[PDB]
Each structure stands twice: as structure tokens, then as C-alpha cells.
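Next up: a single chain in C-alpha cells, the form deposited in one PDB entry.
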């Protein structure tokens, strides 16, 4: 998109250029330094996204000393960080008491304890910071809340309750201080969010203080006949998962859209009956709709899904990112429901939220669907009998009449082809996959009922669509994008089966976290995902809070790493996904050439498998999972992909077995016709 402009007002002080350095290093762009006696009229504040008001002698109660800093705070309407004289400036300009502190403190350290909010995010409490002031903010007004204090018992941080203003008495940039660059990066982040915060719909919200069983909500509130979505936290775990979302295509503002890579056409079905056909690329279409149909996030909600698109992005959409249209999927290459009406379960607090759109102007009785569905939900609330889920094992095949595309022998060959390509330095890691087909007369909901019981996960889902049903028991987070523009990705790479005992379970759990091979498989994907995000994130923002964590589910142990970043200004949430699609964890590195190797060897499409599935909110947030451990149901057969990382140290036979281990949950669900 672009980088962010930062203005740095100099109050003819002898520290301004230190702030210049720290802003430069933290944000990856140098600030524009202007003197405080500069002409505001002439100054093009239009072309700036943040201001920093430098330290300086004297007080802000003066035209000299402070000057044009005053305008930045009152008028500009922009994110501002006051430092020392600026911090003091914020106080008096909103009616604050800037008086003599107990002890003047020049070129001297204080321990600073703080909330950890805004400009103090990430910082430990306390930390060390150099002070340069006799004056100090004392009695704060009602508009300003303090964030940090000195050991001296003095205000070291503050902000405005409404406006995007921030202050520090201490000097981040001073050589005696710690976490200067962090603070400057925090302020960058705040400004990015602020700017991202700047509707043809009217969103009605309704809370119900009952929590039925999610399966009871699916069966009770939604129909078997019709297009339905169920985003299912079959596993609920504080921090990891909390919510479930359900809806259908019966509303008056709902739509259903497919895409074909081969045609290159967006087919969409209005609530009218109308069936439009554009010749677009899907990510382009999606970006536009999301921009046009924007809606702000409702504050009462504990989540940022305020309706929008729910569905899946197929692997073959790589054709319109960085890949080639090599193979043509049987199923849609994209497929979503525009959800105008949705039921949202909060497993943590034990309540429901109903959400429905009206057009800004006209009614469309969406408030009717609130009060009706509320009374339905109350009638479905009963004691769910606690039923612990058993872990699974290894010891074989892909099911009785299940035909793998590549049989074992064929796969062991393609593993060897992968191994050749790595020697010749064409890829470092190849995520080669198979595709198993198997007949089943089973309908989606009974079969999903079985799957979710076998393998409860944070990112399960049942999509019942006209062309196909997608029965996902995915544990994998692809992209979680805040409306504020924060991004998280948690690539899974590093698989291990569950232990037959509880001991051997810890043994495999520990082996997976310790092995060089698996850590390497994981690391290479971390770097690849950091790359994808760095393409559309702000410089400094991309980082890795956690590396080589082991998560455990009924079917398997997984090695997971967490990557985070913050979107650049102008970068839409859909741009961010296009940048990262397909996910590194399903392709390998380097992506482009790896995906070419995949095209030759797999000799056919992955379809929905390998893609992403989840939601894009009108708030601009998204939550997407990697499609793995997923059964695609269509035309009387069940299709499911399984894969694995092929690396220098891979063993043909062991890798083949890994694909089977992964098929277990799907294979067990299908068992019993």
C-alpha cells in the first residue's frame, strides 16, 4: 500500500535528532523535522499520519519554547506523541496542572511502572527511563488518564480518553533509557489503527443469556434443506477458541457466490433470484464488496464478526496470486455466503448474540428475526451431558473402498522427485499432498456430527452449499486480522500421532518439540509467512512472539509457531490474504517454484483442501483457517486431502505414513457408511 508519514516538530532542543534516529529505526521511515517557529499555514499537515512533539526547555505556556506544537495537539486532528515538553503541553492544553515535581531530575534514571497500554505495550513494568524535567503533570483533568508513574511518584505517561493523543515525561530516546524504539513503534501502531478506524446497512444486535449445544442450534434454528454455515469451536479453550457462528441463506439480504478460475468469472446469486456474472478475479471482487459494504464494529460485542462473508477460498485461486492456473477444480475455486443474519455463541460467558442487517433506509423485518430466534434459542437450552473425547492412535490404509489418487508406490516416487528438486536447490521444503476419494451415502450433518465428536478443534466448520459440503476439523489458524489492522498467523508444520498410552503421549509430544527436522520444517515456513506479511505490513511490525509450540488434539500433536504483523495504510484485509495465499504451511518455500513442482507432481487440483475457510467481517476483520483434516462431500463421494513436508532429511516411507496418520479422523468418520 504505502508507508506512514511522521512529522517531528523541533522545539529547538538538543535531543530532537535522537528521536529522529529512533523513529527511523523503529518505523523504517525517517521523520520530517520542522522547527516549532515554522508557519502552520504553509506547512502541509495533510500529508502526515502522525506527529511527535519533541522535548524542549521552558514550558508550553509560551509562544517560544513550544510554538506550533500547540496546533498539532488542538487542531491537526492527528495522532500526536508529546515527549517531555510535549507531554506537559498535552496537559495544559486540556486544562492540567503542570507544576514543580518533588525533585527536579536531569539526566537521571527512574523506574517506571505502567499499565502496558498503547505506547507501553510489550514493555515490562517496571522499566528504566531518563528524566529531564523540573516541571511535572499533577492534577489531571477528566479528559486525560495517566498510564505510568515514576518510583518518585510522578506521572510518566498519559493519554486522551477520546482523541489519539499520548504523552511521556521521560525520554525514550535517551541513552540511559530502555525500550525507546519499542515506544516509538507502539505509537506508530496506534496511528496505523487510528487511521484504519476512518455504511449502507443498519446492524441490529441482540443478546440472549442462554447457551444451547451448538449442534442443537444447528438442528434447531437452521434447516436441512438449504445453504447453511456452521463455524464450530468444537474445542473451547480460553485464549485459543471461544465462539461459534451459524446462519442460512433464507434472509432477504443474503447472497451466495462462486468463482471459477478456468472461466475467470464470479457467479453470484442475489436474494432476488438474480444471478449476475462478472469476469473478475475473486480477491478483487471481494475487496470492493468489503469496502462498499463496510460497517463499524459494535462495541457491546466481544468479537469483531459483525456479519459479512463466510465460506472458503480454494487452492487454485493461486492462479490469481503468485501461482499458475495448472489444474481445474471439480468444485468452486471460491464460494461464500453473504450472511445478513447470524447466530453467535459465546462459549466463555454462556450467552448468545443474534446479528441481522437491515438496509439503512428500509426495514426488511430483521428486528423480527431477532426476537423470534431469541425465543427459539431459549427453548433449546438444556443440560449438555459432559462427554469427554478420546484420543486416537496409529498402527494401515485409507478406508475399505477409498481410492487415493497416488497409491503408496506412486507417492514414494513423487517423494523421491521432491528429494531431487531439493538437491538441485529448487525448493527447501515441498508440501506434497495426496487426495483420497471414498463413496458415502451419508449426508453432511450426521457425518459432521461424527467428525466433530472424533476430533474437536478450534477451527471446525460445516458448510452446506449447493455444489458441495465442506466438513472441516481444521486446528490451524491461517490469518486472524483485527479491524484495527493487526494480523496473526499460526503456521502448523511438524506433525506427530497421539500416544497409545499417556506416557508415550508426552514422549511424542516432547520428541516433536525437540527434533531438528521438525523445527526446521516449521522455521522455513515461519520465514516464508513473515515474508508474505512483510509484503503488506508496516516495517518493524512483523515479529514472532512464539516459536515451536506443541498443540495437542484428539487425532494428533502439532508443532505451531505464531507470527504477527500490522497492516500498512491502504492495504485492505483482502489484499493481505491475497499476499499470503496459498498459505506457506501448505505450499513450502520458495513458494512460487515450490507450487510449480506441486503442479507437475500432483497432476491435478487440491480444490478446497489446502485453501482457507472462515469469515470476512464488514468491520474489516477476518478469521481464516487452513483447510486440512477436511472432508469435501459431493455427488455421493467423500474427498479429503492429506499432506506432509518433504525436506532434505525426509524418509520416503515415514512421510507416506504421516499422510495416513492425518487421514485417521476423516477415515474414522466415514466408517459405517
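Each form is matched to the other, and the largest set of C-alpha atoms that superpose within 1.5 Å is called the rigid core. Residue numbers count along the first chain shown, from 1.
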property: Residue 480 dropped from a third or more of the other entries of this protein; result: no
property: Across other compared entries, residue 425 missing in at least a third; result: no
property: Residue 385-residue 386 interval: deposited residues absent from the model; result: none
property: Gap size, residue 424 back to residue 423 (deposited sequence, no coordinates); result: none
property: 83-91 versus 453-461 - greater average Cα B-factor per the deposited record; result: 83-91
property: Mean Cα B-factor comparison, 71-79 or 510-518, giving the higher one as deposited; result: 71-79
property: 611, 641, 614, 58, ranked by C-alpha B-factor: the highest one; result: 58
property: Among 430, 298, 343, 483 - the residue whose C-alpha B-factor is largest in the record; result: 298
property: Cα B factor band for residue 634 (lowest, middle or highest third within the chain); result: middle
property: Relative C-alpha B-factor of residue 27, binned into the chain's lowest, middle or highest third; result: lowest
property: Residue 659, C-alpha B-factor rank within chain (lowest, middle or highest third); result: middle
property: Chain third (lowest, middle, highest) by recorded CA B-factor, residue given as residue 38; result: highest
property: Within-chain third of residue 212 by Cα B-factor, per the entry; result: middle
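Although not depicted, the form deposited in another entry is the subject of the following passage.
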item: From 102, 350, 514, 545, residue displaced between the shown form and the other one - CA threshold 2 Å or more, rigid core; value: 102
item: Rigid-core frame, C-alpha of residue 139, shift of 2 angstroms or more between the shown form and the other one; value: yes
item: Residue 434 C-alpha shift between the shown form and the other one of 2 Å or more, rigid core reference; value: no
item: Flag for residue 60, CA shift 2 Å or larger between the shown form and the other one after aligning core; value: yes
item: Closer or farther in the other entry: C-alpha pair residue 32, residue 92 (3 angstroms or more); value: closer
